[PDB]
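Data block below; observations after.
Please note: Cβ atoms are built from the backbone with ideal geometry, for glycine as well, and neighbour counts cover all protein chains shown. Every read-out reported here was derived from the displayed coordinates using simple, explicitly stated rules and does not represent laboratory data.
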């Protein structure tokens, strides 16, 4: 009845920019921090705008999931935080390439500002497999 | 040790306006997407302002819960996202009619903007019964 | 297969300012409401600015955790909601004194406004021990 916690850390995703872990696993549930569109090597936001940042944020998420033994199919809930609501459709177009069926539950909204002036931040809850779809 | 995931979908609530499922059940935990005050049939936000939209959002939530075999008493956490903080009391008055005792945990705040220009969006976590209160 | 829910309530933290419980425990998972920097006795936001409010919010969180038999080490995920993104570093300095290692997963962002005009609101997910770190 003792629950195992694992702090997930991989250099394949950027170092946290504050006092947080990239993700925390407790039993089979994985809480993934808000991912920004940052290059893992320089820590800087990638160039090219909201789609580029969304892609990088979700690539970063994928590396964190993989470090825990999971993939995008393990994600059950996300929150998509935008700097500009006008970007919803552009963000959705990128997002659906990573989550293409059996989509996560989601909330999405425009916030006042994101860390580092990012255009998008995406957090997630995942469940460590095996997963059976019904 | 294989966890069952169920994508929840009912035409009694609006179709998702983006690449997300209305809700996802994993084992006994149900992640409910951010609900807007949209009519399920037309997909348009209901008329009449923030209380009308809050009511419709929570009716939509209820239909999603029912599709999974749950009711409002299964909800353990919500997030209430507002277009206008001046609406907190009006939203609370509606909200407490759906969640009237053993209230969910909650966070609430004003965001910059919601999809479709909505006035309120409400996401939730629920647990599939039976539930025992202690 | 019946899941135990416990509504957490302690006068050592402020009374909820809306129709929500301070926290809800379901099985071993605890959903903690968004904590504001409010004095438990008067319900007013504490004086002195964002660090003072962050400290009080996290003291309040700690009293709620303790009421459930948990401590700060039980927290696996937080969300930090700011009135001003310029406060990220100041908030982080306070936050890391409460969560000093094996940090929770986290999302952080500036919202348009918080209840009562607060400068910071912090919600959390915790898991009731014993917890084993791996």
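Structure data summary
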quantity	calculated
Residues that are surrounded by fewer than 17 Cβ atoms within 10 Å (Cβ to Cβ) and out of contact with any strand residue (DSSP E or B) (no Cβ under 6 Å at 6 or more places or on another chain), drawn from the range C:117-134	C:117, C:129, C:130
Every residue from the range C:1-20 that is in contact (Cβ under 8 Å) with a residue 60 or more places away in the chain, more than 15 Å from the chain's Cα centre (by Cα) and in a loop (DSSP other than H, G, I, E, B)	C:18
Single condition residue A:72 does not satisfy, out of (1) surrounded by 24 or more Cβ atoms within 10 Å (Cβ to Cβ); (2) within 24 Å of residue A:16 (Cα to Cα)	(1)
Scan of the range B:21-34 for residues that are under 14 Å from the mean Cα position of the chain (by Cα) and either more than 9 Å from every other protein chain (Cβ to nearest Cβ) or without any contact (Cβ under 8 Å) to a residue 40 or more places away in the chain (or both), ordered by number	B:21, B:24
Residues of the range A:21-34 classified as in a strand (DSSP E or B) and under 24 Å from residue C:81 (Cβ atoms), total	9
Condition check for residue A:60: assigned to a helix (DSSP H, G or I) and within 19 Å of residue B:118 (Cβ to Cβ)	no
Any hit, the range B:56-67, residues being crowded, with 19+ Cβ neighbours inside 10 Å, touching a helix residue (DSSP H, G or I) at 6+ places or on another chain (Cβ under 6 Å) and more than 14 Å from chain A (Cβ to nearest Cβ)	yes
Some residue of the range A:35-45 being more than 12 Å from every other protein chain (Cβ to nearest Cβ) and outside any loop (DSSP other than H, G, I, E, B)	yes
Selection status of residue B:103, touching a strand residue (DSSP E or B) at 6+ places or on another chain (Cβ under 7 Å), within 11 Å of chain C (Cβ to nearest Cβ), crowded, with 19+ Cβ neighbours inside 10 Å and more than 22 Å from residue A:80 (Cβ to Cβ)	no
Hits in the range C:35-64 (condition: at positive phi and in contact (Cβ under 8 Å) with a residue 12 or more places away in the chain)	C:43, C:49
Candidate set: the range B:75-95, residues that are buried (at least 23 other Cβ atoms within 10 Å of the Cβ) and more than 12 Å from the chain's Cα centre (by Cα); chosen: the one nearest to residue A:109 (Cα to Cα)	B:82
Exclusive hit being in contact with a helix residue (DSSP H, G or I) (Cβ under 6 Å, 6 or more places away or on another chain) and more than 7 Å from every other protein chain (Cβ to nearest Cβ), set A:91, A:80	A:91
Identity of the residue in the range C:46-55, part of a helix (DSSP H, G or I) and out of contact with any helix residue (DSSP H, G or I) (no Cβ under 7 Å at 6 or more places or on another chain), that ends up surrounded by the fewest Cβ atoms within 10 Å (Cβ to Cβ)	C:52
Identity of the residue in the range B:123-134, within 9 Å of another protein chain (Cβ to nearest Cβ) and not in a loop (DSSP other than H, G, I, E, B), that ends up nearest to residue C:67 (Cα to Cα)	B:133
Candidates C:3, C:17, C:7, filtered to the one that is touching a helix residue (DSSP H, G or I) at 6+ places or on another chain (Cβ under 9 Å), more than 18 Å from residue C:80 (Cβ to Cβ) and surrounded by fewer than 22 Cβ atoms within 10 Å (Cβ to Cβ)	C:17
Single residue of the range A:106-122 satisfying the filter (closer than 28 Å to residue B:26 by Cα and more than 8 Å from every other protein chain (Cβ to nearest Cβ)) that is farthest from the chain's Cα centre (by Cα)	A:120
